[PDB]
Amino acid sequence: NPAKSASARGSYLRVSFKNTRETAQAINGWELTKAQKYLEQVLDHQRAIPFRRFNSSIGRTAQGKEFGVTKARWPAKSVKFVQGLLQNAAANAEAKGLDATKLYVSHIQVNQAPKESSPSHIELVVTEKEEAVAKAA
Amino acid sequence: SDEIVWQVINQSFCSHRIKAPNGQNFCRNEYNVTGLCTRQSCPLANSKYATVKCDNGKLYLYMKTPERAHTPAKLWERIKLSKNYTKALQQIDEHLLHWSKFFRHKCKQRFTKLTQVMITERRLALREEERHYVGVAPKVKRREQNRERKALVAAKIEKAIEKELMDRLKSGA
Amino acid sequence: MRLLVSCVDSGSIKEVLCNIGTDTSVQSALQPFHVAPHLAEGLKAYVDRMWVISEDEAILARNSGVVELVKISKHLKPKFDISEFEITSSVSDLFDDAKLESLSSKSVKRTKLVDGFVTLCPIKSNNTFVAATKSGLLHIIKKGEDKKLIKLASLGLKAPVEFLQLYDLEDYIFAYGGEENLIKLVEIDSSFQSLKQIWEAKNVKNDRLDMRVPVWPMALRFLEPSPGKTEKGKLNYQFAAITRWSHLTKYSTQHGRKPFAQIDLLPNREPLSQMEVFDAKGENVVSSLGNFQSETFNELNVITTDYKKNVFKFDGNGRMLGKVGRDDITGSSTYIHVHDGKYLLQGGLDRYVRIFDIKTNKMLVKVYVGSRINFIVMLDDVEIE
Amino acid sequence: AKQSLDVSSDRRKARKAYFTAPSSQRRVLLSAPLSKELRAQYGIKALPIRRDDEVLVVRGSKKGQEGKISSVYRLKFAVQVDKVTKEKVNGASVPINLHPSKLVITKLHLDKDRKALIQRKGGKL
Amino acid sequence: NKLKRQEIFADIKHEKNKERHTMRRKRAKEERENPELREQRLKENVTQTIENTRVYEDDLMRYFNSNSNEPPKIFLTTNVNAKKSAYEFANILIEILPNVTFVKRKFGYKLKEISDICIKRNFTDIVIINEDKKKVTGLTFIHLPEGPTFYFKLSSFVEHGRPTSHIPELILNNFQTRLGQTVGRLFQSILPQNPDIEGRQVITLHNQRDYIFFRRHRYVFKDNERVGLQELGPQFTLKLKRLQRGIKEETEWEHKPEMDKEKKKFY
Amino acid sequence: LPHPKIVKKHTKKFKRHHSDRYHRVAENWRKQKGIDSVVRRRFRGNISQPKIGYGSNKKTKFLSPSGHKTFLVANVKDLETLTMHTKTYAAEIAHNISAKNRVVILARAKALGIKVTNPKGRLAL
RNA sequence: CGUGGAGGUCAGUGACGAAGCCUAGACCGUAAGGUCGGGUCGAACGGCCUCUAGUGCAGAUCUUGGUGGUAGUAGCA
RNA sequence: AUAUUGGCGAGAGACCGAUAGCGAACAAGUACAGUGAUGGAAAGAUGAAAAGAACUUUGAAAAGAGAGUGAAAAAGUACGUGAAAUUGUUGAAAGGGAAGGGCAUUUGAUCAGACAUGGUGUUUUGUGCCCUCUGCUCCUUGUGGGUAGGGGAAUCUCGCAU
């Protein structure tokens, strides 16, 4: 339901496409708080991003073991854009009058932009996770 | 002549043929018996030529002599055909006296199908159908599709129920 | 101007007091000086037909079965003189609802099939009236010298009757009709005790499909009698009628019992009602009743109502002349009238009174009443300062 | 049909012309007609339109709105009309561009040379 | 030219965004000093939405609509020869409307003859659903004697609640117009006036443009001023057309896309 | 009609060789021409090529499932040529005929007894 | 069988949506192809009888334009 | 009288329709490259009207989010239609060192699938182009066409509704 979601686009972004595909997918379907915290931890080298498609010559680390992968890296610039976005999406939702505590990145998505440059659009979309229910006899 | 009208219109253009996908041809000359453009079936090649038409509910037997070729206005020579199908067929056979069994019959035929289309009354008495065809214009099929998405958004039903639940069960305790 | 507005959902009369140019739909525009409810007698008893007699006297008819006479009185409340309404006397129980609920073994469509009055009009300065009902009953009501009404004679007609129209072109008579109940001419006596059917209409020859053409005349007017040699045996009565079935039909009795011209006004045989005579220049061409004062059909022009939202104008030949307020009316129209020949009084189910100028086809007054209007009458058009 | 040889019928030569017509040629190209009352008082169909004349608009969304012409923006072949205005969301009034063939003159702005224009065309003031 | 323009109204839209955003920082800095000046931006500078800029009796209740004294027996039916989806719509109406005796429509029986049947067996309402293509579209609500009679265009429909057999609470939203509180005056009647509170089910009828939405829910409370709710029942919309006044004869309203040219109005 | 049982002979589409491998080469049938080609030499397992034997029974040709020959009707005059062949031809209303016009072609064809192959075209309820 | 234009014709179709584009959609024709429904769309187009031609593509280390894998690789002294 | 790819000015076309047509429909012999003689592109279409998105909000900036104008932003000065390659997301399916193809079926998902409703033979009535009384008019041959006024069904299925 659109009355429940807030989106935040960003376009023509001078970021490596390939890295973004990763940090996005990494964060796909996470409770916004646990999600934002995780991007701090990649910044501090606590946790790494499970690179999966575009991953040739990524040096294996234990931090990959969290996910199911051996290869994983810490990319700054990418994530810098993605938490920049999430921060925005959060604020959109607060204008829309939502519960931020239930929130989660329902659909994030990244596709290339016009061009040498290699720029890239991003659109993440966050949603209230709907619960709260009861019955009678 | 006629055998020289035919083979010109037959090939070299009878500017009222319909080529069916079938290959079949169809003289749409509002006068012919069989809808098909065919020698001894086109009212243009052939010079003696009959038909039934309707006008109102009045079914006439038009006939075209070859005497009258000089004078294209008084070409057809029509006759009201009774309206008891039984007398009507006898009515027909009377006039066709001594023509090509083609007409002699194909007219009886036209006559029938046209009569068994006084079955419009059968659609128009047992009408009263609560349906009637509505055109969908594709402008409307936007204004009435792109405006709902906007209403829903501007509605926000949840916050409305939230209001008119709290505001209900604060004065119904 | 001043108006008497028949209401149904409150069941009353609303007094309308405004200027020319008044609109209840624009806030920056003119607001009407007064709008007051009077005689709120409920949804079960609403006024069908009114008659205005003079300055301080008007006669009504309710859907309970009643016929009321009301004295009007003016007083003050800038410097506007509103009206007070007081029922003098009432003649009650005049419907015969049982005659209807037996006839319509599915005629067309009405599950409750309530009886009302079709006409409330004078007969001949006379103090004498005629009220006709769909049940077939005609009631002759006279106003007594003591300002108290008395019913003189109750007469019966072959129901159902959807209209009745008198004849006041001396140069007593009337003509009536309803659903599958053809147009018929009735001469009545000066005692009002005797009715006689001088002439009955014949329906036209079948159409293409040889089906019978439906007869359902909704309204009729008269035109001043035919000139020429008056044939013996045949009567002289020119009168046009309208049907539900989009037929504007035109009968001259002198010519014959079928109408000389049955004319379909619209496609699909659209439902039509109310035959209002008007002139193209905003003039009066008609009697106090409403029949056309002319010896020929071709000078005649008619405003009519449909059951969608459209109020049409036609000539005596069917040529469509123009929709009235094609824009502003959105609901059905119940009641149209050609006041003075220079104004229109339209107000249907969209619950607005609309006053239209005849000449420029332009809305003058739009007044929200909140009830479905079923009748309007103007009283005066003198402006207020 | 085209009888003279001096006149071309070519669409290319024609459009080009109209879209490059200098201001004075354009002056003629914007000819409102006169309303039926003035076509009788003046015995003439149509004039080139100037500033402070009254106009009533026929065709378009601004149907039956009458005004008094503000400016003949001849560059854009249009006539900004006072009161016939659109409202932008910042509250600022913006003048709608009507076009002289869709307007109609209700009241003229008479001058010496404009009186002489009517006298030229067969008028009677 | 194109490529001048393309490198102009790019740079201008790079000048303007800076100038715009600078203007908001120097705004935000003196907002930390003075809150009072911020309040004066919010009196003057309006959002100007479509709702802000909208363009501008008890005897009725028992005679035309159904009331709290009777059980409203209601006669559901489908359009001649309808398919699975139509019946897949019946069951939705069977759950939500009261003593709906669904019936199959059996050709002929024009309409007045139907009324005669429904007078006899003594119904309150006729409700009739239609399909053009394999989708449900039209929905009619006729009141059986006299007959104030509506017709609607469902747009939406869909299918995680699994509702109880407790009777659901009504709510209605935005109806200032008298044509509105006639449709308000419809549904008030056509759905139950029973509701048992316990079971905590709520059917809504929020109108916001002229698009009337309809949803069902499951409200639950916390003593901390807020109320949660889970989606239940069918998704939907309607749109009024007609209003016939007579059983079918006459009109009153009838949507024409002539409206829609208006961008506001609403009813 | 008590039509014969319509034999279809070959129901699969005759695709072009390799129209599956390359996106440039199209599903529109074209003969192979290289003399080293297997398709042209009709080796086993390789795609079936259109030959004249697949030709349909002349009695049943053009006949649609309904057992009517398709026939395009533009307007209500063109329809009324089949006044005599309702048992044999099916009035395909043509694709560009509008909404407002169609509803009229359906009125007649229902009345005449012509089975329209494509009703519910543009039309709703 | 198909494409651009010409003459002729269908008192042809057409903002109640021409053409184009899609389409896990239908029909026809051995096939070249033709027709229809649904979606997008926004201003012109089609059959028939004949004319005419800068007329039909898988390739030419084709010509131009656009985009991949190579690769986040070699690489940034 | 004849010549005439220049110049000055017209009128034309079974010509081309933006990778065509002059190189060039547009800041074109322009930008640009070369020491120089020279070489030399690419690039058309918002909309009817800028009504080009006010105002609130997130960000030092780049862009977003609400909200609105417009018939349409499924028309945003990256602007008519918007193909294909190719790319992301989601859903389904398959995957033990090859995939796509042909013949045939299975399963899964999915799409169609009559505003079909009579036909015939009888029987009540009621009407009309029916019977019958009186006509009026267009024309070419009897085997004519159009259309009024009355009356009447107790004869008549002649038609059509019940």
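Per the PDB record, the structure was determined using cryo-EM to 3.6 Å resolution.

Draft legend 1. Representation of the packing of helix α2 (residues 32-43) of chain A against helix α3 (residues 76-95) of chain A. Residue and element names in this part refer to chain A. α3 packs onto α2 with a crossing angle of 155 degrees between their chain directions and a minimal axis gap of 11 Å. In terms of their interaxial angle, α2 and α3 are classed as roughly antiparallel. Both α2 and α3 take part in a crossing whose hand is left-handed. Residues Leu-32, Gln-36, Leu-39, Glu-40 and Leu-43 of α2 form the contact with α3, whose own contacting residues are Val-79, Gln-83, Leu-86 and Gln-87. In the contact of α2 with α3, the residues fall into five nonpolar, three polar and one charged.

Draft legend 2. Looking closely at the protein's contact with RNA strand G. Around RNA strand G, a shell composed of 56 residues is seen, among which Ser-16 of chain A, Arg-28 of chain B together with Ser-56, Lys-77 and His-95 of chain F lie nearest. Each atom of RNA strand G within 4 Å of the protein was classed as base or backbone; sugar and phosphate made up 77%. In this structure, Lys-100 of chain F approaches RNA strand G through a main-chain N or O atom, which is 3.5 Å from a sugar or linking oxygen. Contributions of two or more residues to the surface near RNA strand G are made by α1 (17-27) of chain A, α5 (140-143) of chain B together with β2 (89-93) and α2 (99-112) of chain F. For the surface near RNA strand G, the element with the highest residue contribution is α2 of chain F, accounting for four residues. Its residues assigned to classes, the surface near RNA strand G comprises 20 nonpolar, 17 polar and 19 charged.

Draft legend 3. How the structure looks around the protein's contact with RNA strand H. Not every one of the 108 residues close to RNA strand H is listed here, only the nearest: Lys-83 and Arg-122 of chain B, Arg-257 of chain C together with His-21 and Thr-47 of chain E. Counting only atoms of RNA strand H within 4 Å of the protein, the fraction found in sugar and phosphate groups is 67%. Between a base nitrogen of RNA strand H and a side-chain N or O atom of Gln-109 of chain A, the distance comes to 3.3 Å. Between a base oxygen of RNA strand H and a side-chain N or O atom of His-95 of chain B, the distance comes to 2.9 Å. The leading source of residues in the surface near RNA strand H is helix α2 (residues 12-33) of chain E, at eleven residues. For the surface near RNA strand H, a count of residues per class yields 20 nonpolar, 36 polar and 52 charged.

Draft legend 4. Representation of the arrangement of the chains within the structure. With eight pairs of chains in contact, the largest contact count belongs to chains B and E. Separated in space, chain C and chain D share no contact, their closest pair of C-alpha atoms being 12 Å apart. Here chain C and chain F are not in contact; the least distance found between their C-alpha atoms is 12 Å.

Draft legend 5. Representation of the environment of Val-67 of chain C. All names here are of chain C. Secondary-structure assignment places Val-67 in strand β6 (residues 67-76). Residue class for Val-67 comes out buried when judged on its relative accessible area of 1%. The spacing of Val-67 and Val-47 is 20 residues in sequence and 9.2 Å in space, taken between C-alpha atoms. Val-67 has contacts with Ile-59, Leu-60, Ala-61, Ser-89, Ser-90, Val-91, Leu-94, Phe-117, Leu-120, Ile-141 and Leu-149, leaving out every residue within four places of it along the chain.

Draft legend 6. Layout of the interface of chain B and chain F. The partner chain F presents 23 residues to the 24 residues of chain B that form the contact. Among the residues chain B hides against chain F, the three largest losses belong to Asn-22, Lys-113 and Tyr-133 of chain B. Together they make up 27% of the total. Linking chain B with chain F are one salt bridge. The residue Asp-78 of chain F makes a salt bridge to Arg-28 of chain B at a minimum N-O spacing of 3.4 Å.

Draft legend 7. Quick peek at empty space enclosed by the protein. Residue and element names in this part refer to chain E. Its volume calculated, the largest cavity comes out at about 130 Å³. As for the largest cavity, its lining consists of 15 residues, of which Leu-93, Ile-96, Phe-187, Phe-214 and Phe-236 are closest to the centre. Broken down by element, the residue count for the lining of the largest cavity peaks at three residues, all from helix α6 (residues 84-96). Counted by class, the lining of the largest cavity contains 15 nonpolar, no polar and no charged residues. Looking at the second largest cavity, the residues that line it are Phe-152, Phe-175, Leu-179, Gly-180, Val-183, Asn-207, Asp-210, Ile-212, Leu-240 and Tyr-267. The residue inventory of the lining of the second largest cavity, partitioned by class, reads seven nonpolar, two polar and one charged.

Draft legend 8. A look at the sheet that holds strand β1 (residues 2-7) of chain C. All names here are of chain C. Taken in spatial order, the four strands line up as β3-β2-β1-β27 in an open sheet, and their pairing is antiparallel. Each edge of the open sheet is held by one strand with a lone partner, namely β3 (34-38) and β27 (373-380). Neighbour-to-neighbour, the strand axes of this sheet turn through a mean angle of 20 degrees, independent of strand direction. Alignment of β1 against β27, held across six bridges, turns out to be antiparallel.

Draft legend 9. Region of the structure containing a nonpolar patch on the surface. A cluster of nonpolar residues, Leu-169 of chain B together with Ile-197 and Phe-221 of chain E, forms a patch on the protein surface that exposes about 260 Å² of accessible area. Residue classification places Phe-221 of chain E among the partly exposed positions, given a relative accessible area of 39%.

Draft legend 10. Highlighting the pairing of β6 of chain C. Residues and elements named next belong to chain C. Relative to β6, strand β5 (residues 57-59) runs antiparallel, the two sharing three bridges. Opposite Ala-58, over in β6, you have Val-70 as the bridge partner. Where β6 meets strand β7 (residues 81-91), ten bridges bridge the pair, whose relative direction is antiparallel. When the bridges of β7 are listed, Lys-74 appears paired with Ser-83.

Draft legend 11. Here's a closer look at the interface of chain B and chain E. Between chain B and chain E, the residue contacts involve 26 residues of the former and 42 residues of the latter. A buried area of about 3,000 Å², summed over both sides, lies between chain B and chain E, and 57% of it is on carbon and sulfur atoms. Where chain B touches chain E, the interface holds five salt bridges. Applying the counting criterion to the chain B and chain E interface returns eleven residue pairs in polar contact. Secondary structure elements with two or more residues in the side of chain B that touches chain E: α5, α6 (146-155) and α7 (157-166) of chain B. Grouping the amino acids of the side of chain B that touches chain E by side-chain chemistry returns twelve nonpolar, one polar and 13 charged.

Draft legend 12. The arrangement of the pairing of strand β3 (residues 125-131) of chain E in detail. Residues and elements named next belong to chain E. With seven of its seven residues buried, β3 lies for the most part within the structure. The alternating pattern of β3 places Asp-125, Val-127, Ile-129 and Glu-131 and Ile-126, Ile-128 and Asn-130 on opposite faces, both of which are buried. For strand β1 (residues 73-78) and β3, the ladder comprises five bridges, and the chain directions are parallel. Of the residues in β3, the one forming a bridge with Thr-77 is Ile-128. Of the pairings in the sheet, the one linking β3 to strand β4 (residues 136-143) comprises seven bridges and is antiparallel in character. Bridged to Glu-131 within β4 is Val-136.

Parameters and conventions
- Residues numbered from 1 in each chain as written, not as in the entry; some residues may be left out.
- Chains lettered and ligands numbered in written order.
- Part of a larger assembly, values for the part shown.
- Heavy atoms only, no water.
- Axes fitted to C-alpha atoms, helices over the stretch in contact; angles between N-to-C directions.
- Helix = DSSP H or I, 4+ residues; strand = E, 2+ residues; numbered from the N terminus.
- Parallel < 35°, antiparallel > 145°, perpendicular 65-115°, else oblique.
- Left-handed = near helix turned anticlockwise from the far one by under 90°.
- Contact = heavy atoms within 4.5 Å.
- Nonpolar A, V, L, I, M, F, W, Y, C, P; charged D, E, K, R; others polar.
- Near = heavy atom within 4 Å.
- Polar contact = N/O pair within 3.5 Å; in protein donor to acceptor, adjacent residues only side chain to side chain.
- Buried < 20%, exposed > 50% of the residue type's maximum accessible area, 1.4 Å probe, protein only.
- Buried area = accessible area lost by both parts, 1.4 Å probe.
- Salt bridge = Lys/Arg side-chain N within 4 Å of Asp/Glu carboxyl O.
- 1 Å grid on protein atoms, 1.4 Å probe; cavity = no way out; pocket = protein on both sides within 12 Å on 5 of 7 lines; lining within 4 Å.
- Points joined across faces, edges and corners; volume = space filled by probe spheres on them.
- Pairing = 2+ DSSP bridges.
- Patch = residues over 30% accessible without salt bridge, like charges linked within 9 Å, V, L, I, M, F, W, Y side chains within 5 Å.
- Areas by Shrake-Rupley, 256 points an atom, 1.4 Å probe, with all protein chains shown as cover.

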